[PDB]
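> Here is the input, now give the coordinates:
(2 chains)
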Protein chains: 2
Amino acid sequence: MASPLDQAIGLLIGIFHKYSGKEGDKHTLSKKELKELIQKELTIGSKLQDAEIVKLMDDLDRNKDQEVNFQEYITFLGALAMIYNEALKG
Amino acid sequence: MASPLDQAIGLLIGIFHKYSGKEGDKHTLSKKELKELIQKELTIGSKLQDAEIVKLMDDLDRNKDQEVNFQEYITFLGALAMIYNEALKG
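Numbering: from 1, shown residues only, chains lettered A, B, ... in the order given. The protein structure is shown below:
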């Protein structure tokens, strides 16, 4: 078993595929579909930051030109975790 | 909402840093220490799979042979998730 981790990877996977659903995007997310993911999940409120969101979205989709592949999404969430370095350290 | 994702990434991050903490507060984690992570966290009853675990350990550490690095751990968990295709299908 690996229940504690399974639920967590499960979360990322669920969030992703819930979004892929939006346009049946297999195991991929299209660049603006990703923005929709972020806007929905990461409820910024301060939409002024959308500039940062589009830079981030570019960084996500760049890995496969116009879409984020599942593993690139995971990888990038890793990068995001690293950016949230406080989370890493404690 | 953010919190569902935040806790999930939090899970992976915590799991990592709990173990890297053993060597120090590093975003890097040694190969046998990774195995020690897996054995506790990914509590495989079927320990006969040990061979598979050390191949997996090799695949994790292979990023620089000596140790797993945080980003590569996340990316690899991405691969693991992809292998768990069932989860991605539903």
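
> what sits against the residue nearest the centre of chain A?
Nearest to the mean C-alpha position of chain A, counting by Cα atoms, centre = their mean, stands residue A:73 at 5.2 Å. Listed by Cβ atoms under 8 Å, 6 or more residues apart in numbering or on different chains, the contact set of residue A:73 reads A:12, A:16, A:29, A:34, A:60, B:78. From N, CA and C alone the C-beta is placed, and that goes for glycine too.

> what does residue A:74 give?
A:12, B:74, B:75, B:77, B:78, B:81 are the contacts of residue A:74 under Cβ under 8 Å, 6+ apart.

> For the residues you listed, work out which two are farthest apart.
Greatest spatial distance in these: A:12 and B:75, 12.5 Å, computed using Cβ to Cβ.

> Of the contacts of residue A:73, grab the buried ones for ChimeraX.
This is how ChimeraX selects the buried members of those, with burial counted by 16 or more other Cβ atoms under 10 Å in any protein chain shown:
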select /A:12,16,29,34,60 /B:78
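
> after the helix or strand where residue A:15 lies comes which helix or strand?
Secondary structure from DSSP states H and E places residue A:15 in helix A:3-21. Counting by DSSP H and E, the element after helix A:3-21 in chain order, helix or strand, is strand A:28-30.

> how far is that following strand from where the chain is centred?
Its chain's average C-alpha position is 10 Å from that of strand A:28-30, according to Cα atoms, centre = their mean, to the nearest Å.

> after it, next one along is what?
helix A:31-41.

> and that following helix, is it in reach of chain B?
Yes. Using Cβ under 8 Å from any Cβ of the partner chain, helix A:31-41 reaches chain B at residue A:41.

> Buried ones in that helix, by neighbour count?
A:31, A:33, A:34, A:35, A:37, A:38, A:41.

> surely the second one meets residue A:18?
When you say that, I think you mean residue A:33. No. Residue A:33 lies out of contact with residue A:18 (Cβ atoms under 8 Å); the separation is 10.9 Å.
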